[PDB]
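# Analysis of the macromolecular model
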Amino acid sequence: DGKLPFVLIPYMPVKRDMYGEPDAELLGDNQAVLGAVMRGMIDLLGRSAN
Amino acid sequence: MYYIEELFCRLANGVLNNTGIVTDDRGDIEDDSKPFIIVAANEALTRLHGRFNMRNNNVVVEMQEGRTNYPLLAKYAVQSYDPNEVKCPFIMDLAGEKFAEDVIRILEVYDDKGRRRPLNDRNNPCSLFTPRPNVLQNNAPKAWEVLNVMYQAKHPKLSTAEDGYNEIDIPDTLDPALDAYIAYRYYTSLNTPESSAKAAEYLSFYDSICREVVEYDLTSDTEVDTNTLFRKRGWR
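### Some points on the overall build of chain B
Of the regular secondary structure elements, chain B holds five helices and nine strands. The helix and strand sequence of chain B, counted from the amino end, reads β-α-α-β-β-β-β-β-β-β-β-α-α-α. The C-alpha radius of gyration of chain B comes to 22 Å, more than 25% above the 18 Å expected for a compact globule of 236 residues. For chain B, the spread of C-alpha atoms along the principal axes amounts to about 65 × 55 × 30 Å. Each of the 236 residues in chain B was classed as buried or not, and the buried ones make up 35%. Long-range pairs, those at least 24 residues apart, make up 62% of the contacts in chain B with a sequence separation of at least 6. As displayed, chain B offers around 14700 Å² of accessible surface, 49% of which is attributable to carbon and sulfur atoms. Across chain B, the 27 positively charged side chains and the 38 negatively charged ones have centroids separated by 12 Å.

### Considering the pattern of salt bridges
Residues and elements named next belong to chain B. On inspection of all chains with the given rule, the structure shows 10 salt bridges over all chains. Ionic pairing is found between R10 and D175, a salt bridge with its closest N-O pair at 3.7 Å. Of this pair, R10 sits in helix α1 (residues 4-12) while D175 sits in helix α3 (residues 175-189), and the two are 165 residues apart along the sequence. Residue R10 is classed as partly exposed on the basis of its relative accessible area, which comes to 24%. When salt bridges with common partners are traced through the structure, they connect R10, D175 and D179 into a single cluster.

### A look at the environment of B:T222
Residue and element names in this part refer to chain B. Mapping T222 onto the fold places it in the loop between α4 (193-216) and α5 (229-232). You can call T222 exposed: its relative accessible area is 60%. For the pair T222 and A200, spaced 22 residues apart in sequence, the C-alpha separation works out to 30 Å. In terms of polar contacts, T222 uses its side chain to reach the side chain of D217, at 2.5 Å.

### Considerations on helix α2 (residues 34-51) of chain B
With 18 residues, α2(B) extends 27 Å between its outermost C-alpha atoms, agreeing within 8% with the 26 Å of an ideal straight helix rising 1.5 Å per residue. Taken together, the buried positions of α2(B) are occupied by B:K34, B:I37, B:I38, B:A40, B:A41, B:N42, B:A44, B:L45, B:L48 and B:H49.

### Looking at the sheet that holds strand β7 (residues 135-137) of chain B
All names here are of chain B. If you trace the three strands from one edge of the open sheet to the other, you get β3-β7-β6, paired in antiparallel fashion. At either margin of the open sheet sits one strand with a lone partner, and together these are β3 (69-71) and β6 (129-132). Taken over all neighbouring pairs, the strand axes of this sheet differ in orientation by 30 degrees on average, direction set aside. Bridge count between β3 and β7: three bridges; the pairing is antiparallel. Bridge pairing links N69 to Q137 in β7.

Rules and cut-offs
Residues numbered from 1 in each chain as written, not as in the entry; some residues may be left out. Chains lettered and ligands numbered in written order. Part of a larger assembly, values for the part shown. Heavy atoms only, no water. Helix = DSSP H or I, 4+ residues; strand = E, 2+ residues; numbered from the N terminus. Rg over C-alpha atoms; globule rule 2.2 N^0.38 Å. Buried < 20%, exposed > 50% of the residue type's maximum accessible area, 1.4 Å probe, protein only. Contact = heavy atoms within 4.5 Å. Areas by Shrake-Rupley, 256 points an atom, 1.4 Å probe, with all protein chains shown as cover. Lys, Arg positive; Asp, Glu negative; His and termini not counted. Charge placed at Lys NZ, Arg CZ, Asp CG, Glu CD. Salt bridge = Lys/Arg side-chain N within 4 Å of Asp/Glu carboxyl O. Polar contact = N/O pair within 3.5 Å; in protein donor to acceptor, adjacent residues only side chain to side chain. Expected span 1.5 Å × (residues − 1). Pairing = 2+ DSSP bridges. Axes fitted to C-alpha atoms, helices over the stretch in contact; angles between N-to-C directions.

Written out as structure tokens, the structure is:
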């Protein structure tokens, strides 16, 4: 072949760049917000007398 | 903290300033009328320590074989028991901190091994029982079982005798409440209708002071703690 034996496969390509972006880049804030709501619901039920 | 003499001066130059039981110089109450104030003063202190959980004191009780009921009386204390009729005391105290039977309400009991003992739990075989407010009953006295009882305590009873207590240890914000109750007792004793109206004013004033303390929580009566049922219930 006469060149490097490595192959690059990006997931979401970046304009004029090698490394792509995974799905975790866009969902950073959404996961944190969702986690806060779930913990709040459990705390309301868990700490309540029953 | 201050001596009972300062209380006499404060009453002399206070609510009782216009009474016939004070000295000509308004410096002290009449000596023959002193026991009247002492009886009222002890009664007033009991009411304050009941509504407000100000003093929390603990005592040590040693289990004795063949005995189930353990009254919390000074005659069973090591520093005050009579060997003639008591084989051995089971209430342990110090020479300078003699037990004074100041028990009002039992709060919690812990054994010598650090395990909490339930009280008045009829369905629990190992629970303790209190047939009387100042009597502790154990249904299974072991060999080396020693119990510590933490309870709400009243102020020690005042006495004009030298060996007796002659100091007052209460929050200074409750001093007007103490004076009002003593004034109420004195004016209520007089049966003249004019004094009756004055007596009611002090009693109402005493109640107003107590609720004001509760409203602002000046004695740290309210208590909270971190939640533990969350872990025990397994919510995770």
